[PDB]
>>> print(open('data_4.csv').read())   # CSV, N, CA and C atoms and all ligand atoms
chain,number,residue,atom,x,y,z
A,707,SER,N,29.6,-5.2,33.5
A,707,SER,CA,28.7,-4.8,34.5
A,707,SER,C,28.2,-6.0,35.3
A,708,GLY,N,27.6,-7.0,34.5
A,708,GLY,CA,27.1,-8.2,35.2
A,708,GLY,C,28.2,-9.1,35.8
A,709,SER,N,29.5,-8.9,35.4
A,709,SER,CA,30.6,-9.7,35.8
A,709,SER,C,31.8,-9.1,35.3
A,710,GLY,N,33.0,-9.5,35.8
A,710,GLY,CA,34.2,-9.1,35.2
A,710,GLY,C,34.4,-9.9,33.9
A,711,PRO,N,35.6,-9.7,33.2
A,711,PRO,CA,35.8,-10.4,32.0
A,711,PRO,C,36.2,-11.8,32.2
A,712,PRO,N,35.9,-12.7,31.2
A,712,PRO,CA,36.6,-14.0,31.2
A,712,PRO,C,38.1,-13.8,31.3
A,713,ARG,N,38.8,-14.6,32.0
A,713,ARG,CA,40.2,-14.5,32.3
A,713,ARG,C,41.0,-15.4,31.3
A,714,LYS,N,42.2,-14.9,31.1
A,714,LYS,CA,43.2,-15.7,30.3
A,714,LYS,C,42.7,-16.3,29.0
A,715,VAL,N,42.1,-15.4,28.2
A,715,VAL,CA,41.6,-15.8,26.9
A,715,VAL,C,42.8,-16.2,26.1
A,716,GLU,N,42.7,-17.3,25.4
A,716,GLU,CA,43.7,-17.8,24.5
A,716,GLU,C,43.2,-18.1,23.2
A,717,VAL,N,44.0,-17.9,22.1
A,717,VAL,CA,43.7,-18.3,20.8
A,717,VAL,C,44.8,-19.2,20.2
A,718,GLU,N,44.4,-20.4,19.7
A,718,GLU,CA,45.3,-21.3,19.1
A,718,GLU,C,44.9,-21.5,17.7
A,719,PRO,N,45.8,-21.2,16.7
A,719,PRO,CA,45.4,-21.4,15.3
A,719,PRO,C,45.2,-22.9,15.0
A,720,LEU,N,44.2,-23.2,14.2
A,720,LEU,CA,44.1,-24.6,13.7
A,720,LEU,C,44.4,-24.7,12.3
A,721,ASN,N,44.0,-23.9,11.4
A,721,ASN,CA,44.3,-23.9,10.0
A,721,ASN,C,44.0,-22.5,9.4
A,722,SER,N,44.1,-22.4,8.1
A,722,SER,CA,43.9,-21.1,7.5
A,722,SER,C,42.5,-20.5,7.6
A,723,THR,N,41.6,-21.3,8.1
A,723,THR,CA,40.2,-20.9,8.2
A,723,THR,C,39.6,-21.0,9.6
A,724,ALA,N,40.4,-21.4,10.6
A,724,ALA,CA,39.8,-21.6,11.9
A,724,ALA,C,40.8,-21.4,13.0
A,725,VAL,N,40.3,-20.9,14.1
A,725,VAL,CA,41.1,-20.8,15.3
A,725,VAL,C,40.3,-21.3,16.5
A,726,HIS,N,41.0,-21.7,17.6
A,726,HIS,CA,40.3,-22.3,18.8
A,726,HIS,C,40.5,-21.2,19.9
A,727,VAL,N,39.4,-20.9,20.5
A,727,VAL,CA,39.4,-19.8,21.6
A,727,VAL,C,39.0,-20.5,22.9
A,728,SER,N,39.7,-20.2,23.9
A,728,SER,CA,39.4,-20.8,25.3
A,728,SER,C,39.6,-19.7,26.3
A,729,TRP,N,39.0,-19.9,27.5
A,729,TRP,CA,39.1,-18.9,28.5
A,729,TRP,C,38.8,-19.6,29.9
A,730,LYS,N,39.1,-18.8,30.9
A,730,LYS,CA,38.8,-19.1,32.3
A,730,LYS,C,37.6,-18.3,32.8
A,731,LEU,N,37.0,-18.8,33.9
A,731,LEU,CA,35.8,-18.2,34.5
A,731,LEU,C,36.2,-16.8,34.9
A,732,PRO,N,35.3,-15.8,34.7
A,732,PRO,CA,35.5,-14.5,35.4
A,732,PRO,C,35.6,-14.7,36.9
A,733,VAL,N,36.3,-13.7,37.5
A,733,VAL,CA,36.5,-13.7,39.0
A,733,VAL,C,35.1,-13.7,39.6
A,734,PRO,N,34.8,-14.7,40.5
A,734,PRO,CA,33.5,-14.7,41.2
A,734,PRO,C,33.3,-13.4,42.0
A,738,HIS,N,27.7,-9.9,41.4
A,738,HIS,CA,27.7,-10.3,39.9
A,738,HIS,C,26.4,-11.1,39.6
A,739,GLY,N,26.0,-11.1,38.4
A,739,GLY,CA,24.9,-11.9,37.9
A,739,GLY,C,25.4,-13.4,37.8
A,740,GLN,N,24.5,-14.3,37.7
A,740,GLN,CA,24.8,-15.7,37.4
A,740,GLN,C,25.1,-15.9,35.9
A,741,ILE,N,26.1,-16.6,35.6
A,741,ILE,CA,26.5,-16.8,34.2
A,741,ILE,C,25.6,-17.8,33.5
A,742,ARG,N,25.1,-17.4,32.3
A,742,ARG,CA,24.3,-18.2,31.5
A,742,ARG,C,25.0,-18.7,30.2
A,743,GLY,N,26.1,-18.2,29.9
A,743,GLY,CA,26.8,-18.6,28.7
A,743,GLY,C,27.8,-17.5,28.4
A,744,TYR,N,28.4,-17.6,27.2
A,744,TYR,CA,29.4,-16.7,26.8
A,744,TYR,C,29.2,-16.2,25.3
A,745,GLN,N,29.6,-15.0,25.0
A,745,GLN,CA,29.5,-14.4,23.7
A,745,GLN,C,30.9,-14.2,23.2
A,746,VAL,N,31.3,-14.9,22.1
A,746,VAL,CA,32.6,-14.7,21.5
A,746,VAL,C,32.3,-13.9,20.2
A,747,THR,N,32.9,-12.7,20.2
A,747,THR,CA,32.8,-11.7,19.1
A,747,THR,C,34.1,-11.6,18.4
A,748,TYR,N,34.0,-11.7,17.0
A,748,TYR,CA,35.2,-11.5,16.2
A,748,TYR,C,34.9,-10.6,15.0
A,749,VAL,N,35.9,-9.8,14.6
A,749,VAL,CA,35.7,-8.9,13.5
A,749,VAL,C,37.0,-8.9,12.8
A,750,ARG,N,36.9,-8.8,11.4
A,750,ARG,CA,38.0,-8.7,10.6
A,750,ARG,C,38.6,-7.3,10.8
A,751,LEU,N,40.0,-7.2,10.8
A,751,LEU,CA,40.7,-6.0,10.8
A,751,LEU,C,41.4,-5.8,9.5
A,752,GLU,N,41.4,-4.6,9.0
A,752,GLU,CA,42.2,-4.2,7.8
A,752,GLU,C,43.1,-3.0,8.3
A,753,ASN,N,44.4,-3.3,8.2
A,753,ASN,CA,45.4,-2.3,8.7
A,753,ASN,C,45.0,-1.8,10.1
A,754,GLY,N,44.6,-2.8,10.9
A,754,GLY,CA,44.3,-2.5,12.3
A,754,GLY,C,42.9,-2.0,12.6
A,755,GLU,N,42.1,-1.7,11.5
A,755,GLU,CA,40.8,-1.1,11.7
A,755,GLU,C,39.7,-2.2,11.5
A,756,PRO,N,38.7,-2.2,12.4
A,756,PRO,CA,37.7,-3.2,12.1
A,756,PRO,C,36.9,-2.9,10.9
A,757,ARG,N,36.6,-4.0,10.1
A,757,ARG,CA,35.8,-3.8,8.9
A,757,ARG,C,34.8,-4.9,8.8
A,758,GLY,N,33.5,-4.5,8.5
A,758,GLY,CA,32.4,-5.4,8.4
A,758,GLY,C,31.8,-5.6,9.7
A,759,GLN,N,30.6,-6.1,9.7
A,759,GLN,CA,29.9,-6.4,10.9
A,759,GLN,C,30.6,-7.4,11.8
A,760,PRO,N,30.8,-7.2,13.1
A,760,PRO,CA,31.3,-8.2,13.9
A,760,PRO,C,30.4,-9.4,13.9
A,761,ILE,N,31.0,-10.6,14.0
A,761,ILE,CA,30.3,-11.9,14.1
A,761,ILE,C,30.2,-12.3,15.5
A,762,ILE,N,29.0,-12.7,16.0
A,762,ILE,CA,28.9,-13.1,17.4
A,762,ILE,C,28.6,-14.6,17.3
A,763,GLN,N,29.3,-15.4,18.1
A,763,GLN,CA,29.2,-16.8,18.3
A,763,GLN,C,28.8,-17.0,19.8
A,764,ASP,N,27.7,-17.5,20.0
A,764,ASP,CA,27.2,-17.7,21.4
A,764,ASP,C,27.6,-19.1,21.8
A,765,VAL,N,28.1,-19.2,23.0
A,765,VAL,CA,28.5,-20.5,23.6
A,765,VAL,C,27.6,-20.6,24.9
A,766,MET,N,26.4,-21.1,24.7
A,766,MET,CA,25.4,-20.9,25.8
A,766,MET,C,25.3,-22.1,26.8
A,767,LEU,N,26.5,-22.4,27.3
A,767,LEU,CA,26.6,-23.2,28.5
A,767,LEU,C,27.4,-22.5,29.6
A,768,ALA,N,26.8,-22.4,30.8
A,768,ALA,CA,27.6,-21.7,31.8
A,768,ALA,C,28.9,-22.4,32.1
A,769,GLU,N,29.1,-23.7,31.9
A,769,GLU,CA,30.3,-24.3,32.1
A,769,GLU,C,31.3,-24.2,30.9
A,770,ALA,N,30.9,-23.4,29.9
A,770,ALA,CA,31.7,-23.4,28.7
A,770,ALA,C,33.0,-22.7,29.0
A,771,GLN,N,34.0,-23.2,28.3
A,771,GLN,CA,35.3,-22.5,28.4
A,771,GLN,C,36.0,-22.5,27.1
A,772,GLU,N,35.4,-23.0,26.0
A,772,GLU,CA,36.1,-23.0,24.7
A,772,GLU,C,35.1,-23.1,23.5
A,773,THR,N,35.6,-22.7,22.4
A,773,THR,CA,34.8,-22.8,21.1
A,773,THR,C,35.8,-22.7,20.0
A,774,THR,N,35.4,-23.2,18.8
A,774,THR,CA,36.2,-23.0,17.6
A,774,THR,C,35.4,-22.1,16.7
A,775,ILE,N,36.2,-21.1,16.2
A,775,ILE,CA,35.7,-20.2,15.1
A,775,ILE,C,36.2,-20.7,13.8
A,776,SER,N,35.3,-21.0,12.9
A,776,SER,CA,35.6,-21.6,11.6
A,776,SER,C,35.0,-20.7,10.5
A,777,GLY,N,35.3,-21.0,9.3
A,777,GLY,CA,34.8,-20.3,8.2
A,777,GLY,C,35.6,-19.0,8.0
A,778,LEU,N,36.7,-18.8,8.6
A,778,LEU,CA,37.5,-17.6,8.4
A,778,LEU,C,38.2,-17.6,7.1
A,779,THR,N,38.6,-16.5,6.6
A,779,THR,CA,39.3,-16.4,5.3
A,779,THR,C,40.8,-16.5,5.6
A,780,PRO,N,41.6,-17.2,4.7
A,780,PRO,CA,43.1,-17.3,4.9
A,780,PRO,C,43.7,-15.9,4.8
A,781,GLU,N,44.9,-15.9,5.5
A,781,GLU,CA,45.7,-14.7,5.5
A,781,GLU,C,44.9,-13.4,5.8
A,782,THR,N,44.0,-13.6,6.9
A,782,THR,CA,43.1,-12.5,7.3
A,782,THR,C,43.3,-12.3,8.8
A,783,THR,N,43.2,-11.1,9.2
A,783,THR,CA,43.4,-10.6,10.6
A,783,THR,C,42.0,-10.5,11.3
A,784,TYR,N,41.9,-11.0,12.5
A,784,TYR,CA,40.7,-11.0,13.3
A,784,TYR,C,41.0,-10.5,14.7
A,785,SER,N,40.1,-9.7,15.2
A,785,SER,CA,40.1,-9.2,16.6
A,785,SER,C,39.0,-9.9,17.4
A,786,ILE,N,39.4,-10.6,18.5
A,786,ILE,CA,38.5,-11.5,19.2
A,786,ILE,C,38.3,-11.1,20.6
A,787,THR,N,37.0,-11.0,21.1
A,787,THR,CA,36.7,-10.7,22.5
A,787,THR,C,35.7,-11.7,23.0
A,788,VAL,N,35.7,-11.9,24.3
A,788,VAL,CA,34.8,-12.8,25.0
A,788,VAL,C,34.2,-12.1,26.2
A,789,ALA,N,32.9,-12.3,26.4
A,789,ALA,CA,32.1,-11.7,27.5
A,789,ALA,C,31.1,-12.8,27.9
A,790,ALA,N,30.9,-12.7,29.2
A,790,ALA,CA,29.8,-13.6,29.8
A,790,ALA,C,28.4,-12.9,29.6
A,791,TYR,N,27.4,-13.8,29.4
A,791,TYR,CA,26.0,-13.5,29.5
A,791,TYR,C,25.7,-13.8,31.0
A,792,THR,N,25.0,-12.8,31.6
A,792,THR,CA,24.6,-13.0,33.0
A,792,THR,C,23.2,-12.6,33.3
A,793,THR,N,22.7,-13.0,34.4
A,793,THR,CA,21.3,-12.6,34.9
A,793,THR,C,21.2,-11.1,35.2
A,794,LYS,N,22.3,-10.4,35.2
A,794,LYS,CA,22.3,-9.0,35.4
A,794,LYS,C,22.9,-8.3,34.2
A,795,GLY,N,22.8,-8.8,33.0
A,795,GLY,CA,23.3,-8.2,31.8
A,795,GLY,C,24.7,-8.7,31.5
A,796,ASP,N,25.2,-8.1,30.4
A,796,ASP,CA,26.5,-8.6,29.9
A,796,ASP,C,27.6,-8.4,30.9
A,797,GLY,N,28.6,-9.3,30.9
A,797,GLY,CA,29.8,-9.1,31.6
A,797,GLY,C,30.7,-8.2,30.8
A,798,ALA,N,31.8,-7.8,31.5
A,798,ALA,CA,32.8,-7.0,30.8
A,798,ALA,C,33.4,-7.9,29.7
A,799,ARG,N,33.8,-7.2,28.6
A,799,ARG,CA,34.5,-7.9,27.5
A,799,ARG,C,36.0,-8.0,27.8
A,800,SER,N,36.6,-9.1,27.5
A,800,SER,CA,38.1,-9.2,27.5
A,800,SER,C,38.7,-8.3,26.5
A,801,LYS,N,39.9,-7.9,26.8
A,801,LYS,CA,40.7,-7.1,25.9
A,801,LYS,C,40.9,-7.9,24.6
A,802,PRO,N,40.9,-7.2,23.4
A,802,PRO,CA,40.9,-7.9,22.1
A,802,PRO,C,42.2,-8.7,22.0
A,803,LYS,N,42.1,-9.9,21.5
A,803,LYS,CA,43.2,-10.8,21.1
A,803,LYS,C,43.2,-10.8,19.6
A,804,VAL,N,44.3,-10.4,18.9
A,804,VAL,CA,44.3,-10.3,17.5
A,804,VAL,C,45.2,-11.3,16.9
A,805,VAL,N,44.7,-12.1,15.9
A,805,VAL,CA,45.4,-13.1,15.2
A,805,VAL,C,45.2,-13.0,13.7
A,806,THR,N,46.2,-13.5,12.9
A,806,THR,CA,46.1,-13.6,11.5
A,806,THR,C,46.2,-15.0,11.0
A,807,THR,N,45.2,-15.5,10.3
A,807,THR,CA,45.2,-16.9,9.8
A,807,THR,C,46.3,-17.1,8.8
A,808,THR,N,46.8,-18.3,8.7
A,808,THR,CA,47.8,-18.7,7.7
A,808,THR,C,47.3,-18.7,6.3
A,809,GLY,N,48.1,-19.0,5.3
A,809,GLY,CA,47.7,-19.0,3.9
A,809,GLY,C,47.1,-20.4,3.5
A,901,LIG,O1,47.3,-6.3,9.0
A,901,LIG,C1,46.9,-7.4,8.1
A,901,LIG,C2,46.0,-7.0,7.0
A,901,LIG,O2,45.2,-5.9,7.2
A,901,LIG,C3,45.2,-8.3,6.5
A,901,LIG,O3,45.6,-9.5,7.2
A,901,LIG,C4,43.7,-8.2,6.3
A,901,LIG,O4,43.0,-8.7,7.4
A,901,LIG,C5,43.5,-9.1,5.0
A,901,LIG,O5,44.0,-8.5,3.9
A,901,LIG,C6,42.0,-9.1,4.7
A,901,LIG,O6,41.8,-8.9,3.4
>>> encode(input="data_4.csv", output="structure tokens")
Amino acid sequence: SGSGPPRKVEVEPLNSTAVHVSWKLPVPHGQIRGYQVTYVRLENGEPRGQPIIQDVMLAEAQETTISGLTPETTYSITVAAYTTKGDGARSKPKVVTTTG
């Protein structure tokens, strides 16, 4: 509502407990104050447990590392901007599974 989604979200695995998430600026709305990276464990494709929100509270932000993940575990990741007119649209989920 406050903005379109972050564009070209990418996930790069780092190790069995961490992945690197990056994105491009939403299409130029409210003014961007930061980004909300949300991830949730999936079990057989279904979300399980509370989603975890990692705030990246720089308007210039375009990346963050999610760490403390469990090995051999599947996660669904979305990104949304925080704006002066409320949350932006969330990106479509990107789903990855950590190595062993
Ligand atoms: O489709 C993959 C499967 O559901 C698995 O990766 C779970 O996320 C993991 O077993 C968590 O216990």
>>> atom_distance(input="data_4.csv", atom1="CA of residue 767 (chain A)", atom2="atom C of residue 779 (chain A)")
27.8 Å
>>> atom_distance(input="data_4.csv", atom1="CA of residue 774 (chain A)", atom2="CA of residue 794 (chain A)")
26.6 Å
>>> closest_atom_pairs(input="data_4.csv", of="chain A", to="ligand LIG 901 (chain A)", cutoff="6.5 Å", atoms="only N, CA and C atoms and all ligand atoms", output="JSON lines")
{"residue": "A:750", "atom": "C", "partner": "A:LIG901", "partner_atom": "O4", "distance": 5.7}
{"residue": "A:751", "atom": "C", "partner": "A:LIG901", "partner_atom": "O4", "distance": 3.9}
{"residue": "A:752", "atom": "CA", "partner": "A:LIG901", "partner_atom": "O2", "distance": 3.5}
{"residue": "A:753", "atom": "N", "partner": "A:LIG901", "partner_atom": "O2", "distance": 2.9}
{"residue": "A:754", "atom": "N", "partner": "A:LIG901", "partner_atom": "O1", "distance": 4.8}
{"residue": "A:781", "atom": "C", "partner": "A:LIG901", "partner_atom": "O3", "distance": 4.2}
{"residue": "A:782", "atom": "CA", "partner": "A:LIG901", "partner_atom": "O4", "distance": 3.8}
{"residue": "A:783", "atom": "N", "partner": "A:LIG901", "partner_atom": "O4", "distance": 3.0}
{"residue": "A:784", "atom": "N", "partner": "A:LIG901", "partner_atom": "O4", "distance": 5.7}
{"residue": "A:806", "atom": "CA", "partner": "A:LIG901", "partner_atom": "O3", "distance": 6.0}
>>> select_by_dssp(input="data_4.csv", residues="chain A", states="strand (DSSP E)", output="MDAnalysis selection string")
chainID A and resid 713:721 724:730 741:752 755:765 772:775 783:792 803:806
>>> atom_distance(input="data_4.csv", atom1="atom N of residue 787 (chain A)", atom2="CA of residue 709 (chain A)")
16.1 Å
>>> closest_residue(input="data_4.csv", among="A:761, A:724, A:715, A:749", to="residue 777 (chain A)", atoms="only N, CA and C atoms")
A:724
>>> residues_around(input="data_4.csv", residues="residue 802 (chain A)", least_positions_apart="3", cutoff="10 Å", atoms="only C-alpha atoms", output="count of residues only")
10
>>> closest_residue(input="data_4.csv", among="A:789, A:798, A:741, A:746", to="residue 763 (chain A)", atoms="only N, CA and C atoms")
A:746
>>> closest_residue(input="data_4.csv", among="A:804, A:778, A:768, A:731", to="residue 712 (chain A)", atoms="only C-alpha atoms")
A:731
>>> closest_residue(input="data_4.csv", among="A:809, A:732, A:743, A:760", to="residue 791 (chain A)", atoms="only C-alpha atoms")
A:743
>>> residues_around(input="data_4.csv", residues="residue 714 (chain A)", least_positions_apart="6", cutoff="6.5 Å", atoms="all atoms listed in the file", output="JSON, numbers by chain")
{"A": [728, 729, 730]}
